[PDB]
Amino acid sequence: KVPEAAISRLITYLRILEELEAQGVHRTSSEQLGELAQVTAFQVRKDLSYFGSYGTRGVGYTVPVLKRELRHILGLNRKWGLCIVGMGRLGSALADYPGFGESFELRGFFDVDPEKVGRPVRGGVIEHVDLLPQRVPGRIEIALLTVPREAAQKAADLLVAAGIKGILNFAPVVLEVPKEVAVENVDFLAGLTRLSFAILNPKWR
Amino acid sequence: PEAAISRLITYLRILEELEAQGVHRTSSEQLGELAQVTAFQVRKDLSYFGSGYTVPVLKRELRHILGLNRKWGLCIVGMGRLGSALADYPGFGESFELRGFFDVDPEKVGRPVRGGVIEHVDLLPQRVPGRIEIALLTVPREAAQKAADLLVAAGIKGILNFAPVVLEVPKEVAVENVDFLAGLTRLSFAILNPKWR
Ligand SMILES: NC(=O)c1ccc[n+]([C@@H]2O[C@H](COP(=O)([O-])OP(=O)(O)OC[C@H]3O[C@@H](n4cnc5c(N)ncnc54)[C@H](O)[C@@H]3O)[C@@H](O)[C@H]2O)c1
Ligand SMILES: NC(=O)c1ccc[n+]([C@@H]2O[C@H](COP(=O)([O-])OP(=O)(O)OC[C@H]3O[C@@H](n4cnc5c(N)ncnc54)[C@H](O)[C@@H]3O)[C@@H](O)[C@H]2O)c1
Ligand SMILES: [Ca+2]
Ligand SMILES: [Ca+2]
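Residues numbered from 1 in each chain as written, not as in the entry; some residues may be left out. Chains lettered and ligands numbered in written order. Heavy atoms only, no water.

Attention now moves to the site of ligand 1. Residues in contact with ligand 1 amount to 24 residues; listed here are only the nearest, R89, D111, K116, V147 and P172 of chain A. One of the backbone nitrogen or oxygen atoms of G88 of chain A is found 3.5 Å away from an oxygen atom of ligand 1. Contact distances for ligand 1 include 2.9 Å between an oxygen atom and a backbone N or O atom of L90 of chain A. For ligand 1, the accessible surface in isolation is 880 Å², of which the surrounding protein chains cover 85%. For the shell around ligand 1, the secondary-structure elements that each account for two or more residues are helix 5 (89-94) and helix 6 (149-161) of chain A together with helix 5 (81-87) of chain B. Split into classes, the residues belonging to the shell around ligand 1 amount to 17 nonpolar, three polar and four charged. (Near = heavy atom within 4 Å. Polar contact = N/O pair within 3.5 Å; in protein donor to acceptor, adjacent residues only side chain to side chain. Areas by Shrake-Rupley, 256 points an atom, 1.4 Å probe, with all protein chains shown as cover. Helix = DSSP H or I, 4+ residues; strand = E, 2+ residues; numbered from the N terminus. Nonpolar A, V, L, I, M, F, W, Y, C, P; charged D, E, K, R; others polar.)

With that out of the way, let us pick up the interface of chain B and chain A. Taken together, the 53 residues of chain B in the interface contact 59 residues of chain A. Across the interface of chain B and chain A, roughly 5100 Å² is buried in total on both sides, 71% from carbon and sulfur atoms. On the chain B side of the interface with chain A, the three residues burying the most area are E2, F180 and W196 of chain B, jointly 14% of the side's total. For the pair chain B and chain A, the interface holds five salt bridges. For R186 of chain B, the salt bridge identified is with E184 of chain A, shortest N-O distance 3.0 Å. Our count for the chain B to chain A interface comes out at 18 residue pairs in polar contact. Of all elements in the fold, only helix 1 (4-20), helix 4 (55-66), strand 3 (72-77), helix 5, strand 5 (134-137), strand 6 (158-161), strand 7 (174-177) and helix 8 (181-191) of chain B reach the threshold of two or more residues within the side of chain B that touches chain A. Examining the composition of the side of chain B that touches chain A, we find that eleven residues originate from one element, helix 8 of chain B, more than from any other. Grouping the constituent residues of the side of chain B that touches chain A by class yields 33 nonpolar, eight polar and twelve charged. (Contact = heavy atoms within 4.5 Å. Buried area = accessible area lost by both parts, 1.4 Å probe. Salt bridge = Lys/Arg side-chain N within 4 Å of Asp/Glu carboxyl O.)

All names here are of chain A. Between helix 2 (residues 30-37) and helix 3 (residues 41-49), the least distance of the axes is 7 Å, while the angle of their chain directions is 105°. As summarised for this structure, helix 2 and helix 3 are arranged roughly perpendicular, according to the angle between their axes. Residue-level contacts link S30, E31, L33 and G34 of helix 2 to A41, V44 and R45 of helix 3. Split by residue class, the contact of helix 2 with helix 3 holds three nonpolar, two polar and two charged. (Axes fitted to C-alpha atoms, helices over the stretch in contact; angles between N-to-C directions. Parallel < 35°, antiparallel > 145°, perpendicular 65-115°, else oblique.)

It is worth spelling out the domain arrangement of chain B at this point. Frequently, the measure chosen for interface size is the accessible area removed from exposure when the parts meet. Residue and element names in this part refer to chain B. Under the domain assignment, chain B is made up of domain 1 (1-64) and domain 2 (65-197). When each unit is reduced to the centre of its C-alpha atoms, the spacing between domain 1 and domain 2 is 28 Å. Of the residues lining the interface, eight residues belong to domain 1; the matching set on domain 2 comes to six residues. Among the residues domain 1 hides against domain 2, the three largest losses belong to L62, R63 and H64. Together they make up 59% of the total. Linking domain 1 with domain 2 are zero salt bridges, by the criterion used here. At the junction of domain 1 with domain 2, the criterion picks out seven residue pairs in polar contact. Only helix 1 and helix 4 provide two or more residues apiece to the side of domain 1 that touches domain 2. Take the side of domain 1 that touches domain 2: its biggest share by element is four residues, from helix 4. Among the residues making up the side of domain 1 that touches domain 2, the classes are represented as five nonpolar, one polar and two charged. (Domains from an automatic or database assignment.)

In structure tokens form, the structure reads like this:
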């Protein structure tokens, strides 16, 4: 039983590994990765423990191998197809975020208002949500839900139908879906506490 | 331990919920259990500060440590798609209250926003001190650094950065980067592991 916090740290090592591969760094360690994730080296070695023997020998790790290894663990070895249903303000912005990644790709921006439905979008065009059933299966697994709160639970159930794999949900309402699909809720303001604490702790900061 | 703060935050969440449910008292064994961490640890974290326990007292204690006691002034610099949407987001409330919305777009200055109103950016130094400490930087990559430059001069205490760029700001100013990205992978991993889920 791997802790939820463990997968989040794993997610952090990977991000720290591409940053490393961006500086021509080839091999690293649990001591370096930890100092960068702000955790104890033991924690890095530990989190990796939940998934098999890693960098056993003193040696350490080599950015390339671990980076690959972590991508496999977090399931980032495939290329998930993404869609943003609820093409409003957040939607239009999200739809244009620069660094989505090599394993995540947008392939559909949906929406119900006719005013938009049909306008070009950096890579494709908006389109109604009545085609969700034969636009999702082969190419879309993950749906970014930036639809108004009230509409959320209704646009949500629509996806579960066109067979959506997972839902990254930005609306302030707890979706109701079958175990067949995963829901991850976003909270852009989550970091305000980290910030709050940092302001009161210069010395620490 | 830079990692303790993240746990401490987890504890408070586990507490605020224990309270809402009516539970009166908890212990190191339970907090840990619910926070997926050893009692030894939880008991050790609360050690760096003030030290079973009573959900109400520890909650208040944790909140005081985390800063959530006072009521901070917030603001969004850059009322574009992200920033505009953010304004109408009903998730602040508590100890972070929105008290300003700025932008450079002259055709945006004046827009009636939630009772307030989109100011410009030049008043920051007079509008900031005493009223606002935290700014949600939601401007194009290209701007950001120059934006923060003002904000600092305006006397900003901390920035919650959405701009995908690592800002360069003096030490008196705390910065925190915000990303949805991580939740995507948590999603990714969560899909291939219905068991874990
Ligand atoms: N989690 C956060 O930190 C955060 C911050 C930003 C905004 N909000 C969320 O943003 C979402 C949208 O916000 P916005 O501020 O840009 O709103 P918006 O009103 O500009 O856009 C909403 C869009 O939803 C579309 N829509 C409504 N029902 C739909 C349906 N059934 N299917 C497809 N499209 C539908 C509309 O046509 C519109 O384009 C809300 O869920 C809100 O809670 C959350
Ligand atoms: N972290 C995330 O999850 C996330 C997702 C949304 C978008 N992005 C980032 O959010 C930011 C805004 O995205 P958007 O889609 O709303 O774009 P946008 O073009 O609508 O908004 C940027 C806004 O900044 C304003 N601006 C420019 N220079 C300024 C300055 N010097 N001072 C004050 N305001 C200024 C503009 O007038 C505009 O309204 C970008 O940096 C983008 O890359 C991040
Ligand atoms: Ca595919
Ligand atoms: Ca004040």
